[PDB]
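Taking it in order: structure first as structure tokens, then the write-up.
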Amino acid sequence: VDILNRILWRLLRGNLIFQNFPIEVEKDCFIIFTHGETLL
Amino acid sequence: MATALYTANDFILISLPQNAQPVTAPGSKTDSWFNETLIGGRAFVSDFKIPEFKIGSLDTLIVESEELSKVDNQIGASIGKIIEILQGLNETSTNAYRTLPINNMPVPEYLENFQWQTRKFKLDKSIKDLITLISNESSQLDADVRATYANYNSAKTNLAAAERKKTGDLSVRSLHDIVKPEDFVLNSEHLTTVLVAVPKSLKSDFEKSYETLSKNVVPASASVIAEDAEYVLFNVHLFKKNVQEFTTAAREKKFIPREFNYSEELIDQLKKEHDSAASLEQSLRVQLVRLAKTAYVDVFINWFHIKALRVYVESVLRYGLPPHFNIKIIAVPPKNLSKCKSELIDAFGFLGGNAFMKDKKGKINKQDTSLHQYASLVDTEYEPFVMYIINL
Amino acid sequence: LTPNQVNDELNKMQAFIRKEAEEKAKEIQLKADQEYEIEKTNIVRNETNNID
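Protein chains in written order, with PDB author numbering: chain a, 249 to 272, 282 to 297; chain O, 1 to 392; chain I, 8 to 59.
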């Protein structure tokens with residue numbers, strides 16, 4: 249989750265609202290809000 | 001902080017929205033704050049107001065930033081090599097070409113009068129063509145400067161081989177500038193001349209031996225025509241058949257024969273090789289020093305064209321509207337960069353993030369990690385507002 | 008986050024979306040006029056030679 253947050257923050261320079269909510282191997286959810294287009 | 005510092009000023013290029021206000025001095029003016037407050041007033045501000053450009057759509061916008069980052073780094077590297085080709089040539093020694101004119105206007109003075117250059121780069125053209133034109137120009141120019149410096153290095157190597165042949169050390173050397181019609185005889189074919197490269201100790205040994213090496217050896221021919229530190233170079237005349245006996249007999253004594261005859265074409269061609277090699281290195285060096293200096297300026301104008309573009313497009317991506325921005329180039333005096341960078345972060349940082357913000361300073365370049373490289377193509381550490389650091 | 012950050016990021020967000028729609032919509036309609044003019048000429052040109 250943290251490395252996906254960092255890679256999407258380095259790809260979209262800012263431009264995102266990244267959340268995570270633990271699903272209750283352990284896993285996790287994520288919401289991105291890719292504000293715009295052409296990187297979707 | 002630095003990356004090729006001589007005595008050149010360091011620059012920070014900033015852009016902001018026109019609604020932005022500092023929080024470090026509330027109610028103050030941005031333009032006034034840069035000159036007056038900013039690092040104890042020793043901050044020299046220069047204009048650097050970049051015009052509007054054709055901005056793509058949202059999908060195309062991501063791809064426009066990705067390319068600006070790459071192309072920026074290429075041009076920046078390539079210029080670094082050109083400076084080096086000069087440094088090595090001794091055309092840049094104390095200081096030269098980082099403060100030197102850029103079309104009859106010094107580097108710091110040129111940035112202040114730099115607002116966009118309408119030399120061939122137009123605002124009736126697309127963004128895409130501007131990145132392709134500028135980058136092509138920059139690559140192509142570097143490749144010609146590199147091809148001549150490679151050829152020059154080769155050319156030095158030929159000349160060096162040649163001087164030693166024309167006199168120095170004997171092991172491949174045959175003389176051709178010390179000819180004479182009697183110390184070097186060959187006009188029919190009966191007589192010929194063999195030259196013998198003899199170590200200094202062995203010089204007496206040759207003067208005694210020369211006659212005995214073969215039968216029919218001409219009298220008193222043994223004289224040192226040329227002499228160097230390691231070796232003494234002799235001429236002896238003898239009959240052509242006898243040259244085989246002479247050479248083998250010479251090698252037992254522990255001399256080393258160097259074979260050179262007095263054919264006219266031989267003498268002429270070796271002499272020619274020395275001359276032709278000096279003329280190639282000479283012409284080349286004059287065109288090559290000239291070509292780099294001419295290349296240097298062009299790649300300078302082109303490096304700043306990308307940064308201006310890069311900064312503009314980025315500003316659009318991060319702040320949104322207005323598309324009209326308040327943009328400056330601030331000249332930092334050497335080693336105050338870190339202190340300058342921090343002050344700007346505190347004031348303006350809230351605009352681009354109220355949580356995406358941390359304190360930071362200076363510029364560190366690495367291949368250890370990709371963090372801290374301030375780029376939109378690889379993952380870096382997110383700056384709180386658009387700021388790019390230029391090191392000269 | 009902060010209230011200020013989230014509204015700034017919402018005002019930026021829809022500004023791009025409206026802008027992306029204006030910019031694409033311009034190209035479509037700019038090409039639609041070139042297409043009108045061409046196709047009208049072609050249809051005549053073919054047929055006036057037939058009447059001839």
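Virtual Cβ for every residue (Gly too), placed ideally from N, Cα, C.
Please name the residue in O:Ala-249, O:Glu-281, O:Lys-335 and O:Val-218 whose C-alpha comes closest to that of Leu-159 (chain O). That would be O:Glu-281, whose Cα lies nearest to the Cα of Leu-159 (chain O).
Which class does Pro-17 (chain O) belong to by DSSP, given the choice of helix, strand or coil? DSSP places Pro-17 (chain O) in strand when its eight states are reduced to three.
Could you please give me the residues that DSSP links to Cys-286 (chain a) through a beta bridge? a:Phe-269
Here's the rule I'm using: 16 or more other beta-carbon atoms within 10 Å means buried, otherwise exposed. How should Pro-384 (chain O) be labelled? buried
Indicate whether at least one CB of chain I lies closer than 8 Å to the CB of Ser-57 (chain O). yes
Identify whether residue 457 (chain O) lies in helix, strand or coil by the three-state DSSP scheme. Outside the displayed span of chain O (1 to 392) sits residue 457 (chain O), for which this structure offers no information.
Could you tell me the alpha carbon to alpha carbon distance between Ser-139 (chain O) and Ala-25 (chain O), rounded to whole angstroms? Taken atom to atom, the span from the alpha-carbon of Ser-139 (chain O) to that of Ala-25 (chain O) is near 45 Å.
Which residues, taken in chain order from the segment 23-34 of chain I, show a beta carbon closer than 9 Å to some beta carbon of chain a? Residues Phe-23, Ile-24 and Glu-27.
Buried or exposed: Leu-13 (chain O), going by 16 or more other Cβ atoms within 10 Å of its Cβ? buried
For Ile-289 (chain a), would you say it is in contact with chain I, using Cβ-to-Cβ distances shorter than 8 Å as the test? It does not: the Cβ of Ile-289 (chain a) has no partner Cβ on chain I nearer than 8 Å.
Looking at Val-179 (chain O): is its Cβ nearer than 8 Å to the Cβ of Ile-267 (chain O)? Result yes, Cβ atoms of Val-179 (chain O) and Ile-267 (chain O) sit closer than 8 Å.
Identify, in the order they occur along the chain, each residue of the same chain with its Cβ nearer than 7 Å to the Cβ of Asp-15 (chain I), setting aside the five sequence neighbours on each side. none
Neighbour-count burial assignment, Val-51 (chain I), 16 or more Cβ in a 10 Å radius: exposed
Chain-ordered chain O contacts of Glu-294 (chain a) [CB-CB under 7 Å]: Those within 7 Å of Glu-294 (chain a) in chain O are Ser-57, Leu-58 and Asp-59.
From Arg-254 (chain a) to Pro-22 (chain O), what does the alpha carbon distance come to, in whole angstroms? Spanning the two alpha carbons is a distance of roughly 29 Å.
For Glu-259 (chain O) versus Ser-214 (chain O), is the C-beta distance shorter than 8 Å? no
Quick check on the burial criterion: 16 or more other C-beta atoms within 10 angstroms. Buried or exposed for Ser-154 (chain O)? That one is exposed.
With distances taken from CA atoms, which of O:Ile-55, O:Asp-275, O:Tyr-210 and O:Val-71 is nearest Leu-133 (chain O)? O:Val-71
Would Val-224 (chain O) and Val-232 (chain O) be called neighbours here (beta carbons separated by less than 8 Å)? yes
Uninterrupted alpha helix (DSSP H) stretches inside the segment 249-330 of chain O (no shorter than 4 residues): 264-319
Would you tell me roughly how many angstroms separate the C-alpha atoms of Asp-142 (chain O) and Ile-102 (chain O), rounded to the nearest one? 17 Å
Closest to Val-107 (chain O) by CA distance: which of O:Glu-207, O:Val-299 and O:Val-313 is it? O:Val-299
Counting along the chain, where does the beta strand (DSSP E) carrying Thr-193 (chain O) start and finish? 191-199
On the CB-based measure, 16 or more other CB atoms within 10 Å of its CB, does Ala-161 (chain O) come out buried or exposed? exposed
Can you pull the chain O neighbours of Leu-17 (chain I), defined as C-beta to C-beta under 7 Å? Simply none; closest approach about 10 Å.
Could you tell me whether the segment 66-84 of chain O touches the segment 290-309 of chain O, where touching means 3 or more Cβ pairs closer than 8 Å? For the pair of segments examined, the segment 66-84 of chain O was found to touch the segment 290-309 of chain O: the number of CB pairs separated by less than 8 Å reaches three.
Hey, how far is the Cα of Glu-265 (chain O) from the Cα of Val-198 (chain O)? 26 Å
Report back the beta-carbon spacing between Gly-352 (chain O) and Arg-310 (chain O) to the nearest angstrom; my notes put them in contact at under 8 Å. With a Cβ gap of about 16 Å, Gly-352 (chain O) and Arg-310 (chain O) do not count as contacting.
Please identify, using Cβ separations under 9 Å, the residues of the segment 351-379 of chain O that lie next to chain I, in order along the chain. Listed by position, the residues of the segment 351-379 of chain O near chain I (Cβ gap below 9 Å) are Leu-351, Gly-352, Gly-353, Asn-354, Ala-355 and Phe-356.
Cutoff 7 Å; reference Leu-186 (chain O); Cβ partners in own chain excluding five residues on either side: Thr-192, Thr-193, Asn-261, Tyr-262 and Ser-263
Closest by CA to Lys-156 (chain O), which one among O:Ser-65, O:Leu-89, O:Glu-207 and O:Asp-205? O:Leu-89
In or out: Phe-255 (chain O) buried (at least 16 other Cβ within 10 Å) or exposed? buried
Take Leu-5 (chain O) as the anchor and find which of O:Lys-29, O:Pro-333, O:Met-105 and O:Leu-130 has the nearest alpha-carbon. O:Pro-333
Beta carbon proximity, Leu-123 (chain O) to chain I, threshold 8 Å: no
Identity of the residue in O:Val-378, O:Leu-392, O:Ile-390 and O:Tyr-210 nearest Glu-67 (chain O) by Cα: O:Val-378
So, do the segment 345-364 of chain O and the segment 321-335 of chain O have three or more beta carbon pairs nearer to each other than 8 Å? no
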